[PDB]
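Containing CSV, C-alpha atoms: target.csv.
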```
chain,number,residue,atom,x,y,z
F,1,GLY,CA,-22.6,12.4,27.0
F,2,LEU,CA,-23.7,9.1,28.4
F,3,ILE,CA,-21.6,6.3,30.1
F,4,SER,CA,-23.0,3.7,27.8
F,5,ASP,CA,-22.1,5.8,24.8
F,6,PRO,CA,-19.2,4.7,22.6
F,7,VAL,CA,-15.8,6.0,23.5
F,8,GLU,CA,-15.0,9.4,22.0
F,9,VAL,CA,-11.8,10.0,20.1
F,10,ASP,CA,-8.9,10.9,22.5
F,11,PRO,CA,-7.7,14.5,22.3
F,12,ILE,CA,-4.3,13.2,23.3
F,13,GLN,CA,-4.3,10.7,20.4
F,14,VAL,CA,-5.4,13.5,18.1
F,15,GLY,CA,-2.5,15.7,19.2
F,16,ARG,CA,-0.1,12.9,19.0
F,17,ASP,CA,-1.1,12.1,15.4
F,18,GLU,CA,-0.9,15.8,14.6
F,19,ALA,CA,2.7,15.9,15.9
F,20,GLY,CA,3.4,13.0,13.6
F,21,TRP,CA,6.0,11.1,15.6
F,22,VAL,CA,4.2,7.7,15.7
F,23,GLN,CA,6.3,5.1,14.0
F,24,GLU,CA,5.2,3.5,10.8
F,25,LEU,CA,7.2,0.8,9.1
F,26,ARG,CA,7.3,-1.3,6.0
F,27,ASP,CA,5.3,-4.5,5.9
F,28,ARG,CA,7.4,-7.7,6.5
F,29,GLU,CA,5.3,-9.8,4.2
F,30,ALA,CA,5.0,-7.6,1.1
F,31,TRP,CA,6.8,-8.5,-2.1
F,32,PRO,CA,8.5,-6.6,-3.6
F,33,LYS,CA,9.8,-4.6,-0.5
F,34,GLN,CA,7.6,-1.6,0.1
F,35,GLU,CA,8.8,2.0,-0.2
F,36,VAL,CA,9.9,3.9,2.8
F,37,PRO,CA,6.8,5.7,4.3
F,38,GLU,CA,7.1,9.5,4.2
F,39,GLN,CA,7.1,9.7,8.0
F,40,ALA,CA,10.1,7.5,8.6
F,41,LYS,CA,12.4,9.8,6.6
F,42,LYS,CA,11.3,13.2,8.0
F,43,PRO,CA,14.1,15.4,9.4
F,44,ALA,CA,14.4,16.4,13.0
F,45,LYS,CA,12.6,19.5,14.2
F,46,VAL,CA,14.9,22.5,14.1
F,47,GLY,CA,13.8,23.8,17.5
F,48,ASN,CA,13.9,22.1,20.9
V,1,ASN,CA,35.4,29.7,8.8
V,2,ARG,CA,38.7,30.9,7.4
V,3,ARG,CA,39.8,34.3,6.1
V,4,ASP,CA,43.0,35.6,4.4
V,5,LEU,CA,45.7,37.0,6.7
V,6,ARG,CA,46.3,40.7,6.5
V,7,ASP,CA,43.0,41.2,4.6
V,8,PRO,CA,42.1,44.9,4.4
V,9,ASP,CA,38.5,44.1,5.5
V,10,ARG,CA,37.9,42.8,9.0
V,11,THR,CA,34.4,41.3,8.7
V,12,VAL,CA,33.9,38.0,10.6
V,13,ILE,CA,31.4,35.4,9.7
V,14,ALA,CA,29.3,34.5,12.7
V,15,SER,CA,28.4,30.8,13.2
V,16,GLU,CA,25.1,30.0,15.0
V,17,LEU,CA,24.6,26.7,16.7
V,18,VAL,CA,21.3,24.8,16.2
V,19,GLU,CA,19.8,22.2,18.4
V,20,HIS,CA,17.5,19.6,16.8
V,21,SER,CA,15.0,17.3,18.4
V,22,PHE,CA,12.7,14.3,17.7
V,23,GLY,CA,9.8,12.6,19.4
V,24,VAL,CA,9.5,9.2,21.1
V,25,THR,CA,5.9,8.0,21.7
V,26,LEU,CA,3.9,5.0,23.0
V,27,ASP,CA,1.7,3.7,20.3
V,28,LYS,CA,0.8,0.0,20.8
V,29,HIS,CA,-1.2,-2.0,23.3
V,30,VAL,CA,0.0,-5.7,23.2
V,31,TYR,CA,-2.5,-8.0,24.8
V,32,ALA,CA,-3.8,-11.6,25.0
V,33,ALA,CA,-7.5,-12.1,25.9
V,34,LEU,CA,-9.2,-15.3,26.7
V,35,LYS,CA,-12.9,-16.2,27.4
V,36,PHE,CA,-14.3,-19.3,29.0
V,37,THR,CA,-17.9,-20.3,29.5
V,38,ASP,CA,-18.9,-21.8,32.8
V,39,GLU,CA,-19.0,-25.2,31.1
V,40,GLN,CA,-15.4,-24.8,30.0
V,41,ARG,CA,-14.2,-23.3,33.3
V,42,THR,CA,-15.7,-26.1,35.4
V,43,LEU,CA,-15.1,-29.3,33.5
V,44,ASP,CA,-12.5,-28.8,30.7
V,45,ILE,CA,-9.9,-26.9,32.7
V,46,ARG,CA,-8.0,-29.0,35.2
V,47,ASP,CA,-5.1,-26.8,36.2
V,48,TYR,CA,-5.5,-23.0,35.6
V,49,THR,CA,-1.8,-22.2,36.0
V,50,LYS,CA,-0.5,-24.9,33.6
V,51,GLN,CA,-3.3,-24.5,31.0
V,52,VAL,CA,-4.3,-20.8,30.8
V,53,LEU,CA,-1.8,-18.5,32.4
V,54,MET,CA,1.4,-20.1,31.0
V,55,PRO,CA,0.2,-20.3,27.4
Z,1,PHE,CA,46.9,31.5,12.0
Z,2,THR,CA,47.7,28.6,9.6
Z,3,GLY,CA,49.8,28.1,6.5
Z,4,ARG,CA,50.5,25.1,4.3
Z,5,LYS,CA,52.9,24.1,1.6
Z,6,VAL,CA,53.4,21.2,-0.9
Z,7,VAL,CA,57.1,20.4,-1.4
Z,8,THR,CA,57.8,20.1,-5.1
Z,9,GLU,CA,61.1,19.3,-6.9
Z,10,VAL,CA,63.3,21.9,-8.5
Z,11,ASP,CA,61.7,21.3,-11.9
Z,12,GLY,CA,58.1,21.6,-10.5
Z,13,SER,CA,57.5,17.8,-10.4
Z,14,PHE,CA,55.8,16.3,-7.3
Z,15,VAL,CA,57.4,13.0,-6.4
Z,16,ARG,CA,57.3,12.9,-2.6
Z,17,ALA,CA,53.7,11.6,-2.7
Z,18,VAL,CA,51.7,9.1,-4.7
Z,19,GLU,CA,47.9,9.0,-5.2
Z,20,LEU,CA,45.9,5.8,-5.5
Z,21,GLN,CA,42.4,5.4,-6.8
Z,22,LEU,CA,40.0,2.4,-7.0
Z,23,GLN,CA,38.9,1.3,-10.4
Z,24,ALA,CA,35.2,1.6,-11.2
Z,25,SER,CA,33.7,-0.9,-13.6
Z,26,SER,CA,30.0,-0.2,-13.4
Z,27,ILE,CA,27.5,2.0,-11.5
Z,28,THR,CA,24.0,1.3,-10.3
Z,29,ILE,CA,21.4,3.7,-8.9
Z,30,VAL,CA,20.6,2.9,-5.3
Z,31,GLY,CA,17.1,1.7,-4.4
Z,32,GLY,CA,16.3,0.3,-7.8
Z,33,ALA,CA,12.8,1.0,-9.1
Z,34,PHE,CA,11.3,3.8,-7.0
Z,35,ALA,CA,8.2,6.0,-7.0
Z,36,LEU,CA,7.5,9.5,-5.8
Z,37,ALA,CA,5.3,10.3,-2.9
Z,38,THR,CA,2.9,12.6,-4.8
Z,39,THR,CA,2.6,14.1,-8.3
Z,40,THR,CA,4.7,17.1,-7.4
Z,41,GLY,CA,6.9,15.4,-4.8
Z,42,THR,CA,10.7,15.5,-5.3
Z,43,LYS,CA,13.5,13.3,-4.1
Z,44,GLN,CA,17.3,13.4,-4.1
Z,45,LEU,CA,18.9,10.6,-6.1
Z,46,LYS,CA,22.0,8.6,-5.3
Z,47,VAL,CA,24.2,6.3,-7.4
Z,48,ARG,CA,26.9,3.8,-6.2
Z,49,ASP,CA,29.5,2.1,-8.3
Z,50,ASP,CA,30.5,-1.5,-7.9
Z,51,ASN,CA,32.9,-0.5,-5.1
Z,52,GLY,CA,30.1,0.9,-3.0
Z,53,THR,CA,31.3,4.5,-3.1
Z,54,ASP,CA,28.9,7.4,-3.5
Z,55,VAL,CA,29.6,8.9,-6.9
```
Could you render the structure from this file as structure tokens?
Amino acid sequence: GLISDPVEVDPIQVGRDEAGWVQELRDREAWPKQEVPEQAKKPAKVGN
Amino acid sequence: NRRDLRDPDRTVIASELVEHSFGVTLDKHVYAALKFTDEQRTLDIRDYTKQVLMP
Amino acid sequence: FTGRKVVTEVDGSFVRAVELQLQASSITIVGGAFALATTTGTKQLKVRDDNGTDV
């Protein structure tokens, strides 16, 4: 739109989030230890 | 797979090989940002390398 | 082509080999307290004895 306008969401970022391979981890300073996020234990894709 | 010897049937169980994959991505932007007014840049700072860049 | 045999004595006793097993005194479910991801979510449980084996 305009140069001064706020930055639009990146389509690359949207696609990367959709693929769901960004790494999320348990918090270091949470007691008791947090559960494993559902992303960290997903299985490998069946097709290369 | 294994089958009995001299079996009357001769069917053979095919084994298909499967290749898996996973993604590696850049996701963080680690930075350190400093700001100095002209008053701080002129008077307070006496050696830029040893007071700003190294820390 | 493969074939195998276990050599037993003339009376059917097997004495050429000896089997050893670790004693298990107590078992504990891995992970301790846990919660499911959603209402309908499922997860495979695992339990280990005091020897660390997967029973």
Each residue of chain V lying at most 9 Å from chain F should get a row with its shortest atom-to-atom pair and the distance in Å to one decimal, counting all atoms listed in the file; could you produce that, ordered by chain and increasing number, as a Markdown table?
```
| residue | atom | partner | partner_atom | distance |
| --- | --- | --- | --- | --- |
| V:18 | CA | F:46 | CA | 7.1 |
| V:19 | CA | F:47 | CA | 6.3 |
| V:20 | CA | F:46 | CA | 4.7 |
| V:21 | CA | F:45 | CA | 5.3 |
| V:22 | CA | F:44 | CA | 5.4 |
| V:23 | CA | F:21 | CA | 5.6 |
| V:24 | CA | F:21 | CA | 6.8 |
| V:25 | CA | F:22 | CA | 6.2 |
| V:26 | CA | F:22 | CA | 7.8 |
| V:27 | CA | F:22 | CA | 6.6 |
```
Kindly save the residues from that selection, with C-alpha atoms included, as an mmCIF file, in the frame of the given file.
```cif
data_model
loop_
_atom_site.group_PDB
_atom_site.id
_atom_site.type_symbol
_atom_site.label_atom_id
_atom_site.label_comp_id
_atom_site.auth_asym_id
_atom_site.auth_seq_id
_atom_site.Cartn_x
_atom_site.Cartn_y
_atom_site.Cartn_z
ATOM 1 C CA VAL V 18 21.300 24.800 16.200
ATOM 2 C CA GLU V 19 19.800 22.200 18.400
ATOM 3 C CA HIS V 20 17.500 19.600 16.800
ATOM 4 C CA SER V 21 15.000 17.300 18.400
ATOM 5 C CA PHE V 22 12.700 14.300 17.700
ATOM 6 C CA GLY V 23 9.800 12.600 19.400
ATOM 7 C CA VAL V 24 9.500 9.200 21.100
ATOM 8 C CA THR V 25 5.900 8.000 21.700
ATOM 9 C CA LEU V 26 3.900 5.000 23.000
ATOM 10 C CA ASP V 27 1.700 3.700 20.300
#
```
Item checked: 9 Å contact set for residue 13 in chain V, only C-alpha atoms, chain neighbours under 2 positions out, as an MDAnalysis selection string -> chainID V and resid 1:2 11 15
Next item on the list: For CA of residue 26 in chain Z and CA of residue 53 in chain Z, quote the distance in Å rounded to one decimal.
Entry: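 Between CA of residue 26 in chain Z and CA of residue 53 in chain Z the gap works out to 11.4 Å.
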Notebook entry, point to check: What does the distance between CA of residue 3 in chain Z and CA of residue 5 in chain V come to in Å, to one decimal place?
Noted result: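 Distance reported for this atom pair: 9.8 Å.
Closest approach to chain Z from the set F:40, F:10, F:35, F:27 is made by F:35, with distances taken over all atoms listed in the file.
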Check: CA of residue 18 in chain Z and CA of residue 4 in chain Z are how many Å apart?
Finding: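 Between CA of residue 18 in chain Z and CA of residue 4 in chain Z the gap works out to 18.4 Å.
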Margin query: as a list in words, please: the residues near residue 54 in chain Z (cut-off 10 Å, all atoms listed in the file, same-chain neighbours under 6 positions excluded).
Written below: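 Those residues are residues 27, 29, 30, 46, 47 and 48 of chain Z.
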Check: With distances taken over only C-alpha atoms, which of V:28, V:6, V:54, V:16 is nearest to chain Z?
Finding: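 Of all the options, V:6 lies closest to chain Z.
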Listing only residues of chain Z within 9 Å of chain F, what is the closest atom pair and its distance in Å (to one decimal) for each, using all atoms listed in the file, sorted by chain and residue number ascending, as a tab-separated table?
```
residue	atom	partner	partner_atom	distance
Z:34	CA	F:35	CA	7.5
Z:35	CA	F:35	CA	7.9
Z:37	CA	F:38	CA	7.4
```
Would you write out those residues with C-alpha atoms, as an mmCIF file, keeping the file's coordinate frame?
```cif
data_model
loop_
_atom_site.group_PDB
_atom_site.id
_atom_site.type_symbol
_atom_site.label_atom_id
_atom_site.label_comp_id
_atom_site.auth_asym_id
_atom_site.auth_seq_id
_atom_site.Cartn_x
_atom_site.Cartn_y
_atom_site.Cartn_z
ATOM 1 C CA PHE Z 34 11.300 3.800 -7.000
ATOM 2 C CA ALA Z 35 8.200 6.000 -7.000
ATOM 3 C CA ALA Z 37 5.300 10.300 -2.900
#
```
What would range 10-33 of chain F look like with N, CA, C and O atoms restored, written as a tab-separated table (two decimals), keeping the file's coordinate frame?
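See part03.tsv below for the written result:
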```
chain	number	residue	atom	x	y	z
F	10	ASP	N	-9.76	10.28	21.49
F	10	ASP	CA	-8.90	10.90	22.50
F	10	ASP	C	-8.25	12.14	22.01
F	10	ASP	O	-7.56	12.08	20.99
F	11	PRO	N	-8.43	13.29	22.67
F	11	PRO	CA	-7.70	14.50	22.30
F	11	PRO	C	-6.17	14.29	22.34
F	11	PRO	O	-5.44	14.85	21.51
F	12	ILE	N	-5.68	13.49	23.30
F	12	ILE	CA	-4.30	13.20	23.30
F	12	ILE	C	-3.83	12.44	22.09
F	12	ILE	O	-2.78	12.72	21.51
F	13	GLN	N	-4.65	11.48	21.66
F	13	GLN	CA	-4.30	10.70	20.40
F	13	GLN	C	-4.38	11.66	19.22
F	13	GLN	O	-3.54	11.54	18.32
F	14	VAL	N	-5.34	12.59	19.18
F	14	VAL	CA	-5.40	13.50	18.10
F	14	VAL	C	-4.17	14.39	18.00
F	14	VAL	O	-3.56	14.57	16.93
F	15	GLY	N	-3.75	14.92	19.15
F	15	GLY	CA	-2.50	15.70	19.20
F	15	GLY	C	-1.29	14.94	18.83
F	15	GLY	O	-0.40	15.45	18.15
F	16	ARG	N	-1.21	13.70	19.30
F	16	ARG	CA	-0.10	12.90	19.00
F	16	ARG	C	0.02	12.56	17.51
F	16	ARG	O	1.11	12.57	16.92
F	17	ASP	N	-1.12	12.28	16.88
F	17	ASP	CA	-1.10	12.10	15.40
F	17	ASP	C	-0.76	13.37	14.71
F	17	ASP	O	-0.05	13.33	13.69
F	18	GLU	N	-1.22	14.52	15.20
F	18	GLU	CA	-0.90	15.80	14.60
F	18	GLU	C	0.63	16.05	14.64
F	18	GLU	O	1.23	16.52	13.67
F	19	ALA	N	1.25	15.75	15.78
F	19	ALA	CA	2.70	15.90	15.90
F	19	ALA	C	3.43	14.98	14.93
F	19	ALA	O	4.55	15.29	14.50
F	20	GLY	N	2.82	13.85	14.59
F	20	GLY	CA	3.40	13.00	13.60
F	20	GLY	C	4.67	12.28	13.95
F	20	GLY	O	5.56	12.16	13.10
F	21	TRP	N	4.80	11.82	15.19
F	21	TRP	CA	6.00	11.10	15.60
F	21	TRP	C	5.71	9.62	15.88
F	21	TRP	O	6.61	8.90	16.31
F	22	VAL	N	4.48	9.15	15.64
F	22	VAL	CA	4.20	7.70	15.70
F	22	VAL	C	5.00	7.01	14.61
F	22	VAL	O	5.24	7.56	13.53
F	23	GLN	N	5.42	5.78	14.89
F	23	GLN	CA	6.30	5.10	14.00
F	23	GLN	C	5.56	4.13	13.09
F	23	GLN	O	4.85	3.23	13.55
F	24	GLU	N	5.71	4.35	11.79
F	24	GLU	CA	5.20	3.50	10.80
F	24	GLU	C	6.32	2.84	9.99
F	24	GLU	O	7.32	3.50	9.71
F	25	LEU	N	6.17	1.56	9.66
F	25	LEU	CA	7.20	0.80	9.10
F	25	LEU	C	6.74	-0.01	7.89
F	25	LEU	O	5.54	-0.15	7.68
F	26	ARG	N	7.69	-0.50	7.10
F	26	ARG	CA	7.30	-1.30	6.00
F	26	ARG	C	6.82	-2.68	6.41
F	26	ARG	O	7.23	-3.22	7.44
F	27	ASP	N	5.88	-3.22	5.63
F	27	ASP	CA	5.30	-4.50	5.90
F	27	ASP	C	6.39	-5.61	5.74
F	27	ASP	O	7.19	-5.56	4.80
F	28	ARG	N	6.40	-6.59	6.64
F	28	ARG	CA	7.40	-7.70	6.50
F	28	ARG	C	7.02	-8.60	5.37
F	28	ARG	O	7.93	-9.12	4.70
F	29	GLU	N	5.74	-8.82	5.11
F	29	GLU	CA	5.30	-9.80	4.20
F	29	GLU	C	4.73	-9.25	2.90
F	29	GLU	O	3.73	-9.73	2.35
F	30	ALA	N	5.36	-8.19	2.40
F	30	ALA	CA	5.00	-7.60	1.10
F	30	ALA	C	6.11	-7.73	0.15
F	30	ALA	O	7.25	-7.35	0.44
F	31	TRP	N	5.81	-8.31	-1.01
F	31	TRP	CA	6.80	-8.50	-2.10
F	31	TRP	C	6.32	-7.79	-3.32
F	31	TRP	O	5.18	-8.02	-3.75
F	32	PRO	N	7.14	-6.95	-3.95
F	32	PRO	CA	8.50	-6.60	-3.60
F	32	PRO	C	8.53	-5.68	-2.33
F	32	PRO	O	7.47	-5.26	-1.86
F	33	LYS	N	9.70	-5.39	-1.77
F	33	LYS	CA	9.80	-4.60	-0.50
F	33	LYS	C	9.14	-3.23	-0.74
F	33	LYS	O	9.39	-2.56	-1.75
```
